[PDB]
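Each remark here refers to the structure printed beneath this line.
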Amino acid sequence: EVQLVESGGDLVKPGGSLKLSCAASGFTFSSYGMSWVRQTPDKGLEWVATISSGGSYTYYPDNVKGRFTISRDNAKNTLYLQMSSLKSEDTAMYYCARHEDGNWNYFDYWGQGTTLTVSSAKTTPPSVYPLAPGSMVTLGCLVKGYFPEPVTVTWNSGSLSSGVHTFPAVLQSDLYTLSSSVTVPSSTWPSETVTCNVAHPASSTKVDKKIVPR
Amino acid sequence: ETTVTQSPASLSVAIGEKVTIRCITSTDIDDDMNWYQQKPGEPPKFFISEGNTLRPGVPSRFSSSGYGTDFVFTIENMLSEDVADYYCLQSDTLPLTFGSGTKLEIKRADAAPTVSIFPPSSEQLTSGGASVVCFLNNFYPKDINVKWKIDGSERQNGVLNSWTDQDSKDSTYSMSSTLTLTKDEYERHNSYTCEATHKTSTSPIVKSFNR
Ligand SMILES: [Ba+2]
């Protein structure tokens, strides 16, 4: 069963360079053309590059041509994407994908995705604050002042799954901030201990904030 | 570049109902049109390849119709399990090109939000800051207006608003309105109210607290 696992995404300074890589498997790699397609929220899916099964032929859409260089090592069954002179409009999630053809055709198989954030802003851990009250009670957690994305959020280490709403983060300058809320029966609190767990992988910042009655 | 145009941009429809997504090419493409489905947080899933050829494993309620420049993707009946974003892709000429994407919403029964308000946390005041948060949960439709009034007075700055995607279980939306403001300006005020305007009800739903 085909599998494409790309890795390499990161926070790169504008004008910087980066090298993504795709690890194919489950199929004879050197019998298909490979490709990278990137997707942004505001522009949707957009083809970035393709390379024939023999690596002899490459294809780039003007907007990226000259900057991105798609290559492949049929030995290791790996597909690369060397990016240079990065620009902000380059920020996006990049997918590794296969054509059912030896040169180029539609996309039959997709990878998991890797995100590349092209920014100047510096990495910076979040400040997690508990939102205690002040039927069934509703508690919340407020992650604020972090960058870059993403930041994972769970309640009671994932044991608390129902009633959880984690709202998308929003940019307030060059610092994201998001929040989550959980509703629990009136009896299970504060008799029971509800905890919030925030993890900012970027800054290797983990945090468990307990929601105590103000 | 053969340019594809997809519409509608976002379509709301009730379960069981039919869904017709349309894609039009900048030139003739014969039937080198492919369709893709993409659920939240996931990558795109192949559903229909060239020649309106329904890729294997895909339920029969899905079908591609069209040849030349007019193409159509449909669903004989909307199921809770089809709430996705759809993209069409012409694979006839380079560069490959996708459509703007169509976003499906499960039109459900109206429902009013359950507004909840919270006064800043002790430690936040410490760092010298104040964030009043307001949670409006499980409502529909998605359109709603939240306002922040401090001491009966209006206020529109420092307000961060966020909406969750449509809940995959009850088809409702939830949003977070969170007002920020200096620990200083917070202190020298008393009435903090979160007022929500929504189709579900007439008079604005109001939640608040003092001091
Ligand atoms: Ba073709």
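Labels used: A, B, ... for chains in the order of the structure tokens, numbers from 1 for residues in each chain, and numbers from 1 for ligands as shown.
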
Identify all chain A residues at most 8 Å from chain B by counting only C-alpha atoms; ligands do not count. Present them as a ChimeraX atom specification. /A:43-47,60-61,95,105-113,129-134,138,165-170,179,181

Dump of N, CA and C atoms for the selected residues, as an mmCIF file, in the first residue's frame:
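Ended up saving to selection17.cif:
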```cif
data_model
loop_
_atom_site.group_PDB
_atom_site.id
_atom_site.type_symbol
_atom_site.label_atom_id
_atom_site.label_comp_id
_atom_site.auth_asym_id
_atom_site.auth_seq_id
_atom_site.Cartn_x
_atom_site.Cartn_y
_atom_site.Cartn_z
ATOM 1 N N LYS A 43 -5.222 30.448 -1.119
ATOM 2 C CA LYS A 43 -5.071 30.133 -2.537
ATOM 3 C C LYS A 43 -5.338 28.666 -2.870
ATOM 4 N N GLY A 44 -5.694 27.868 -1.867
ATOM 5 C CA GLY A 44 -5.959 26.460 -2.105
ATOM 6 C C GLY A 44 -4.760 25.689 -2.634
ATOM 7 N N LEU A 45 -5.038 24.571 -3.299
ATOM 8 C CA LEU A 45 -3.997 23.723 -3.866
ATOM 9 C C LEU A 45 -3.371 24.384 -5.087
ATOM 10 N N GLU A 46 -2.048 24.275 -5.199
ATOM 11 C CA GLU A 46 -1.320 24.822 -6.340
ATOM 12 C C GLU A 46 -0.085 23.956 -6.636
ATOM 13 N N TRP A 47 0.005 23.462 -7.872
ATOM 14 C CA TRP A 47 1.114 22.608 -8.313
ATOM 15 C C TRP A 47 2.431 23.377 -8.229
ATOM 16 N N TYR A 60 8.270 23.130 -13.943
ATOM 17 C CA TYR A 60 7.941 24.094 -12.903
ATOM 18 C C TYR A 60 7.034 25.233 -13.340
ATOM 19 N N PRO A 61 6.056 25.593 -12.503
ATOM 20 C CA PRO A 61 5.187 26.699 -12.890
ATOM 21 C C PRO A 61 6.020 27.978 -12.716
ATOM 22 N N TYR A 95 2.758 19.157 0.045
ATOM 23 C CA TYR A 95 2.448 17.751 -0.088
ATOM 24 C C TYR A 95 3.325 17.081 -1.113
ATOM 25 N N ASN A 105 0.544 13.515 -14.815
ATOM 26 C CA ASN A 105 -0.853 13.241 -15.036
ATOM 27 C C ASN A 105 -1.521 13.769 -13.777
ATOM 28 N N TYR A 106 -2.689 13.227 -13.452
ATOM 29 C CA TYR A 106 -3.385 13.651 -12.256
ATOM 30 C C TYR A 106 -2.583 13.148 -11.060
ATOM 31 N N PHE A 107 -3.084 13.390 -9.858
ATOM 32 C CA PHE A 107 -2.387 12.954 -8.663
ATOM 33 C C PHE A 107 -3.170 11.816 -8.037
ATOM 34 N N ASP A 108 -2.594 10.621 -8.028
ATOM 35 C CA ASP A 108 -3.302 9.492 -7.449
ATOM 36 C C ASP A 108 -3.000 9.320 -5.968
ATOM 37 N N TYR A 109 -1.752 9.537 -5.567
ATOM 38 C CA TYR A 109 -1.411 9.377 -4.162
ATOM 39 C C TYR A 109 -0.799 10.604 -3.492
ATOM 40 N N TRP A 110 -1.292 10.909 -2.292
ATOM 41 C CA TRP A 110 -0.821 12.058 -1.532
ATOM 42 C C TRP A 110 -0.091 11.687 -0.238
ATOM 43 N N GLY A 111 0.839 12.546 0.172
ATOM 44 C CA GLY A 111 1.579 12.328 1.401
ATOM 45 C C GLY A 111 0.818 12.945 2.561
ATOM 46 N N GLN A 112 1.475 13.078 3.707
ATOM 47 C CA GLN A 112 0.830 13.641 4.889
ATOM 48 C C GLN A 112 0.882 15.161 4.963
ATOM 49 N N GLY A 113 1.940 15.730 4.405
ATOM 50 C CA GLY A 113 2.094 17.173 4.422
ATOM 51 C C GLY A 113 3.145 17.657 5.401
ATOM 52 N N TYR A 129 -3.023 30.435 30.187
ATOM 53 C CA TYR A 129 -3.768 30.972 31.322
ATOM 54 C C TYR A 129 -5.080 30.215 31.465
ATOM 55 N N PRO A 130 -5.422 29.802 32.696
ATOM 56 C CA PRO A 130 -6.671 29.070 32.918
ATOM 57 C C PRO A 130 -7.878 29.993 32.983
ATOM 58 N N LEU A 131 -8.970 29.553 32.370
ATOM 59 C CA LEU A 131 -10.215 30.305 32.375
ATOM 60 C C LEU A 131 -11.211 29.581 33.275
ATOM 61 N N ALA A 132 -11.210 29.962 34.550
ATOM 62 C CA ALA A 132 -12.105 29.382 35.541
ATOM 63 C C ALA A 132 -13.323 30.309 35.685
ATOM 64 N N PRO A 133 -14.527 29.729 35.854
ATOM 65 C CA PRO A 133 -15.849 30.355 36.012
ATOM 66 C C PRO A 133 -15.974 31.769 36.620
ATOM 67 N N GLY A 134 -16.042 31.856 37.943
ATOM 68 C CA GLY A 134 -16.180 33.162 38.566
ATOM 69 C C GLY A 134 -17.622 33.603 38.746
ATOM 70 N N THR A 138 -18.489 25.074 32.494
ATOM 71 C CA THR A 138 -17.614 25.164 31.336
ATOM 72 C C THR A 138 -16.309 25.878 31.669
ATOM 73 N N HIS A 165 -13.708 22.099 22.489
ATOM 74 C CA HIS A 165 -13.746 22.962 21.331
ATOM 75 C C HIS A 165 -12.456 23.749 21.359
ATOM 76 N N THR A 166 -11.596 23.515 20.381
ATOM 77 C CA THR A 166 -10.361 24.274 20.305
ATOM 78 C C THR A 166 -10.494 25.142 19.066
ATOM 79 N N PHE A 167 -10.570 26.445 19.290
ATOM 80 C CA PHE A 167 -10.727 27.404 18.218
ATOM 81 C C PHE A 167 -9.396 27.695 17.521
ATOM 82 N N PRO A 168 -9.434 27.899 16.197
ATOM 83 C CA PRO A 168 -8.257 28.189 15.378
ATOM 84 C C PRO A 168 -7.482 29.362 15.951
ATOM 85 N N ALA A 169 -6.167 29.358 15.762
ATOM 86 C CA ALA A 169 -5.342 30.449 16.261
ATOM 87 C C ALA A 169 -5.454 31.619 15.298
ATOM 88 N N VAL A 170 -5.137 32.813 15.775
ATOM 89 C CA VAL A 170 -5.218 33.999 14.934
ATOM 90 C C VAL A 170 -3.989 34.879 15.108
ATOM 91 N N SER A 179 -7.509 29.456 21.971
ATOM 92 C CA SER A 179 -8.141 29.043 23.206
ATOM 93 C C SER A 179 -8.938 27.760 22.998
ATOM 94 N N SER A 181 -12.056 25.250 25.117
ATOM 95 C CA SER A 181 -13.025 25.239 26.188
ATOM 96 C C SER A 181 -13.501 23.813 26.325
#
```

Selection near residue 24 of chain A, 10 Å with only C-alpha atoms, sequence-local residues under 3 positions removed, as a compact mmCIF listing (two decimals) with N, CA and C atoms, in the first residue's frame:
```
# COMPACT_ATOMS: atom_id res chain seq x y z
N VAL A 2 0.76 2.05 -1.05
CA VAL A 2 1.55 3.26 -1.21
C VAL A 2 1.60 4.13 0.05
N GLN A 3 2.75 4.76 0.26
CA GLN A 3 2.95 5.66 1.39
C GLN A 3 3.99 6.69 1.03
N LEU A 4 3.66 7.96 1.26
CA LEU A 4 4.56 9.07 0.97
C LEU A 4 4.67 9.86 2.26
N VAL A 5 5.86 9.91 2.84
CA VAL A 5 6.06 10.63 4.10
C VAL A 5 7.09 11.72 3.94
N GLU A 6 6.62 12.95 3.78
CA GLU A 6 7.55 14.05 3.62
C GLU A 6 7.92 14.61 4.97
N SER A 21 12.00 16.62 1.96
CA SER A 21 12.28 15.31 1.41
C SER A 21 11.07 14.42 1.57
N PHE A 27 5.46 0.87 -3.32
CA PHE A 27 5.40 0.81 -4.78
C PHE A 27 6.77 1.06 -5.42
N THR A 28 6.97 0.55 -6.63
CA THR A 28 8.24 0.75 -7.32
C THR A 28 8.45 2.21 -7.75
N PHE A 29 9.10 2.95 -6.87
CA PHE A 29 9.39 4.37 -7.05
C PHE A 29 9.83 4.84 -8.42
N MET A 34 7.07 11.92 -9.89
CA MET A 34 6.73 12.40 -8.56
C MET A 34 6.48 13.91 -8.58
N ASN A 74 16.41 7.62 -7.05
CA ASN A 74 15.73 6.34 -7.22
C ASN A 74 16.32 5.20 -6.41
N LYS A 76 17.41 5.41 -3.07
CA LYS A 76 16.78 5.49 -1.76
C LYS A 76 15.25 5.60 -1.80
N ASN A 77 14.69 5.74 -3.00
CA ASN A 77 13.24 5.89 -3.14
C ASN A 77 12.85 7.18 -2.44
N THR A 78 13.60 8.24 -2.70
CA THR A 78 13.30 9.51 -2.07
C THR A 78 13.19 10.65 -3.08
N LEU A 79 12.22 11.53 -2.82
CA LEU A 79 11.96 12.69 -3.65
C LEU A 79 12.30 13.95 -2.87
N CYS A 96 3.65 15.83 -0.83
CA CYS A 96 4.44 15.01 -1.71
C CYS A 96 3.37 14.19 -2.44
N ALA A 97 3.46 14.07 -3.76
CA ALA A 97 2.44 13.31 -4.47
C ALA A 97 2.94 12.57 -5.71
N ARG A 98 2.22 11.49 -6.04
CA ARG A 98 2.53 10.63 -7.16
C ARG A 98 1.55 10.77 -8.33
N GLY A 111 0.84 12.55 0.17
CA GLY A 111 1.58 12.33 1.40
C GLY A 111 0.82 12.95 2.56
```

Non-local contacts of residue 22 of chain B (9 Å; only C-alpha atoms; under 3 positions in same chain excluded) as a ChimeraX atom specification: /B:5-8,70-74,88

Could you tell me, as a PyMOL selection string, which residues of chain A DSSP assigns to strand (DSSP E) when given the backbone? chain A and resi 3-7+11-12+17-25+34-40+44-51+58-59+68-73+78-84+92-99+107-110+114-118+127-131+138-146+152-155+165-171+176-183+195-200+205-210

For those residues, write C-alpha atoms to a file as an mmCIF file, in the first residue's frame.
```cif
data_model
loop_
_atom_site.group_PDB
_atom_site.id
_atom_site.type_symbol
_atom_site.label_atom_id
_atom_site.label_comp_id
_atom_site.auth_asym_id
_atom_site.auth_seq_id
_atom_site.Cartn_x
_atom_site.Cartn_y
_atom_site.Cartn_z
ATOM 1 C CA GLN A 3 2.945 5.658 1.386
ATOM 2 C CA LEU A 4 4.561 9.069 0.974
ATOM 3 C CA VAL A 5 6.062 10.628 4.097
ATOM 4 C CA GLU A 6 7.553 14.055 3.620
ATOM 5 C CA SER A 7 9.561 15.839 6.298
ATOM 6 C CA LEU A 11 10.402 28.317 10.117
ATOM 7 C CA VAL A 12 12.796 29.873 7.612
ATOM 8 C CA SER A 17 16.724 28.195 1.788
ATOM 9 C CA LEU A 18 15.282 24.838 2.827
ATOM 10 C CA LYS A 19 15.301 21.183 1.743
ATOM 11 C CA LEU A 20 12.163 19.033 2.032
ATOM 12 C CA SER A 21 12.278 15.315 1.406
ATOM 13 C CA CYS A 22 9.709 12.643 0.607
ATOM 14 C CA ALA A 23 10.109 8.985 1.518
ATOM 15 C CA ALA A 24 8.122 6.749 -0.801
ATOM 16 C CA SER A 25 7.290 3.085 -0.262
ATOM 17 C CA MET A 34 6.732 12.403 -8.561
ATOM 18 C CA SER A 35 5.555 15.832 -7.517
ATOM 19 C CA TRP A 36 5.139 18.526 -4.867
ATOM 20 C CA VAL A 37 1.886 20.425 -4.627
ATOM 21 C CA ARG A 38 1.547 23.144 -2.016
ATOM 22 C CA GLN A 39 -1.619 24.396 -0.369
ATOM 23 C CA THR A 40 -2.381 27.696 1.332
ATOM 24 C CA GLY A 44 -5.959 26.460 -2.105
ATOM 25 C CA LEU A 45 -3.997 23.723 -3.866
ATOM 26 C CA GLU A 46 -1.320 24.822 -6.340
ATOM 27 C CA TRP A 47 1.114 22.608 -8.313
ATOM 28 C CA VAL A 48 4.761 23.380 -7.535
ATOM 29 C CA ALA A 49 6.860 20.865 -9.473
ATOM 30 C CA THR A 50 7.116 17.477 -11.140
ATOM 31 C CA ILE A 51 9.913 15.151 -12.133
ATOM 32 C CA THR A 58 11.434 18.453 -14.661
ATOM 33 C CA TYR A 59 8.492 20.892 -14.844
ATOM 34 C CA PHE A 68 12.762 25.429 -6.500
ATOM 35 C CA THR A 69 14.678 22.396 -7.758
ATOM 36 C CA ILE A 70 12.881 19.066 -7.612
ATOM 37 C CA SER A 71 15.133 15.999 -7.673
ATOM 38 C CA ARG A 72 14.991 12.300 -6.904
ATOM 39 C CA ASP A 73 17.255 9.489 -5.742
ATOM 40 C CA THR A 78 13.302 9.506 -2.073
ATOM 41 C CA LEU A 79 11.959 12.685 -3.651
ATOM 42 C CA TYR A 80 13.534 16.041 -2.764
ATOM 43 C CA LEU A 81 12.618 19.702 -3.027
ATOM 44 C CA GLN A 82 15.429 22.213 -2.545
ATOM 45 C CA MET A 83 14.018 25.660 -1.979
ATOM 46 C CA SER A 84 16.059 28.835 -2.355
ATOM 47 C CA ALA A 92 2.348 26.950 3.072
ATOM 48 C CA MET A 93 1.872 23.262 3.648
ATOM 49 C CA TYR A 94 3.666 21.121 1.087
ATOM 50 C CA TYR A 95 2.448 17.751 -0.088
ATOM 51 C CA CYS A 96 4.435 15.014 -1.714
ATOM 52 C CA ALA A 97 2.438 13.310 -4.473
ATOM 53 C CA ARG A 98 2.532 10.631 -7.163
ATOM 54 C CA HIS A 99 1.270 10.642 -10.763
ATOM 55 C CA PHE A 107 -2.387 12.954 -8.663
ATOM 56 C CA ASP A 108 -3.302 9.492 -7.449
ATOM 57 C CA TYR A 109 -1.411 9.377 -4.162
ATOM 58 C CA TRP A 110 -0.821 12.058 -1.532
ATOM 59 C CA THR A 114 4.810 19.304 5.942
ATOM 60 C CA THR A 115 4.536 22.979 6.795
ATOM 61 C CA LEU A 116 6.979 25.674 5.842
ATOM 62 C CA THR A 117 6.572 29.050 7.507
ATOM 63 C CA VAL A 118 8.677 31.755 5.865
ATOM 64 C CA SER A 127 1.695 31.797 28.029
ATOM 65 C CA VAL A 128 -1.118 29.476 29.032
ATOM 66 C CA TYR A 129 -3.768 30.972 31.322
ATOM 67 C CA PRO A 130 -6.671 29.070 32.918
ATOM 68 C CA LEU A 131 -10.215 30.305 32.375
ATOM 69 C CA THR A 138 -17.614 25.164 31.336
ATOM 70 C CA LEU A 139 -13.908 25.698 31.777
ATOM 71 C CA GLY A 140 -11.324 26.997 29.352
ATOM 72 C CA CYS A 141 -7.651 27.475 28.631
ATOM 73 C CA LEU A 142 -6.062 30.451 26.881
ATOM 74 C CA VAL A 143 -2.794 29.939 25.002
ATOM 75 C CA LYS A 144 -1.361 33.319 24.125
ATOM 76 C CA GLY A 145 1.739 34.982 22.706
ATOM 77 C CA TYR A 146 3.376 32.180 20.783
ATOM 78 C CA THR A 152 -1.255 21.145 20.559
ATOM 79 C CA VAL A 153 -3.988 21.295 23.194
ATOM 80 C CA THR A 154 -5.649 18.549 25.257
ATOM 81 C CA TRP A 155 -7.636 18.175 28.484
ATOM 82 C CA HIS A 165 -13.746 22.962 21.331
ATOM 83 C CA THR A 166 -10.361 24.274 20.305
ATOM 84 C CA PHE A 167 -10.727 27.404 18.218
ATOM 85 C CA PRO A 168 -8.257 28.189 15.378
ATOM 86 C CA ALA A 169 -5.342 30.449 16.261
ATOM 87 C CA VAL A 170 -5.218 33.999 14.934
ATOM 88 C CA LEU A 171 -2.354 36.360 14.092
ATOM 89 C CA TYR A 176 -0.580 33.709 17.485
ATOM 90 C CA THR A 177 -3.087 33.088 20.268
ATOM 91 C CA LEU A 178 -5.815 30.503 20.625
ATOM 92 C CA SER A 179 -8.141 29.043 23.206
ATOM 93 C CA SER A 180 -10.002 25.851 24.049
ATOM 94 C CA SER A 181 -13.025 25.239 26.188
ATOM 95 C CA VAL A 182 -14.405 22.121 27.791
ATOM 96 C CA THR A 183 -17.749 21.494 29.443
ATOM 97 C CA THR A 195 -6.295 20.021 33.663
ATOM 98 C CA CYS A 196 -5.267 21.672 30.438
ATOM 99 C CA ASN A 197 -2.167 20.574 28.537
ATOM 100 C CA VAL A 198 -0.479 22.845 26.035
ATOM 101 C CA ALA A 199 2.481 21.810 23.904
ATOM 102 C CA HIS A 200 4.408 24.172 21.626
ATOM 103 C CA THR A 205 7.430 23.941 25.532
ATOM 104 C CA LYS A 206 5.015 21.609 27.318
ATOM 105 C CA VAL A 207 2.622 22.870 30.032
ATOM 106 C CA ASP A 208 -0.088 21.569 32.307
ATOM 107 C CA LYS A 209 -2.317 24.204 33.785
ATOM 108 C CA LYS A 210 -4.882 23.103 36.372
#
```

Nearest candidate to ligand 1 (options A:124, A:103, A:191, A:119; using only C-alpha atoms and all ligand atoms):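 Nearest candidate to ligand 1 out of A:124, A:103, A:191, A:119: A:103.
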
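Counting only C-alpha atoms and all ligand atoms and comparing B:61, B:30, B:166, B:195, the residue that lies closest to ligand 1 is B:30.
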
Using only C-alpha atoms, can you tell me which of B:189, B:211, B:39, B:103 comes closest to residue 10 of chain B? B:103

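Nearest-residue note for residue 186 of chain B: choosing from B:21, B:169, B:130, B:149, the minimum distance belongs to B:130, counting only C-alpha atoms.
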
Using only C-alpha atoms: which of A:162, A:201, A:174, A:137 has the shortest distance to residue 188 of chain A: A:137

Selection: 9 Å around residue 101 of chain A, only C-alpha atoms, excl. self and same-chain fewer than 6 positions, as a count of residues only: 5

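Pairwise distance (atom CA of residue 136 of chain A, atom CA of residue 144 of chain B) equals 23.9 Å.
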
Given only C-alpha atoms and all ligand atoms as the counted atoms, nearest of B:56, B:16, B:31, B:182 to ligand 1: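 Nearest to ligand 1: B:31.
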
Near-residue 14 of chain B list (9 Å; only C-alpha atoms; drop same-chain fewer than 2 positions) as a list in words: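 The neighbour list is residues 12, 16, 17, 18, 77, 78, 79, 105, 106, 107 and 108 of chain B.
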